[PDB]
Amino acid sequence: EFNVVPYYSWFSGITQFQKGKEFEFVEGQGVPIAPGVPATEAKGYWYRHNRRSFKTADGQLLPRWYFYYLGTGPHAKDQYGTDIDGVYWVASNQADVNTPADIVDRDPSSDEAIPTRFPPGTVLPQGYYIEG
């Protein structure tokens, strides 16, 4: 979990389960589906949450990525496509990534997270499990 309240994603996360696998999408893909969001607004980034486990006397928590619309979240000020560790930029081919998405943040208990879903044809990154 988080010990500093996070910016809340509209969407469920995507969790790595196989080490060694890269988090990626084909250009033009990787924006999760939300009812009524026009394709011109489908732009943003996946943000990596590095997780850390406590030591036991048993025997390791892999990252989980969350989506933020362009101009929101923890990297709200960074330019689209800029090489930044833990940030993976995604956008519909219909989006102009020079402008922030006209999309209001989520929460409080106005709205639960939308289960992450992608349109038919989307190449899913192997080794990752989409929450929900």
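Numbers for residues come from their place in the sequence shown, where the first is 1. The term rigid core refers to the maximal set of C-alpha atoms that superpose within 1.5 Å between the two forms.
Farther from the shown form on average, by C-alpha root mean square after a core fit in 6 other deposited structures of this protein, is 103-111, of the stretches 27-35 and 103-111.
According to the record, no deposited residue between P35 and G36 is left without atomic coordinates. As listed in the deposited structure, the average C-alpha B-factor of 93-101 and of 27-35 is greater for 93-101. Averaged over Cα atoms, the B-factor as recorded in the entry is higher for 50-58 than for the other of 50-58 and 81-89.
Between the residues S109, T122, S9, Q16, it is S109 that shows the highest Cα B-factor in the PDB record.
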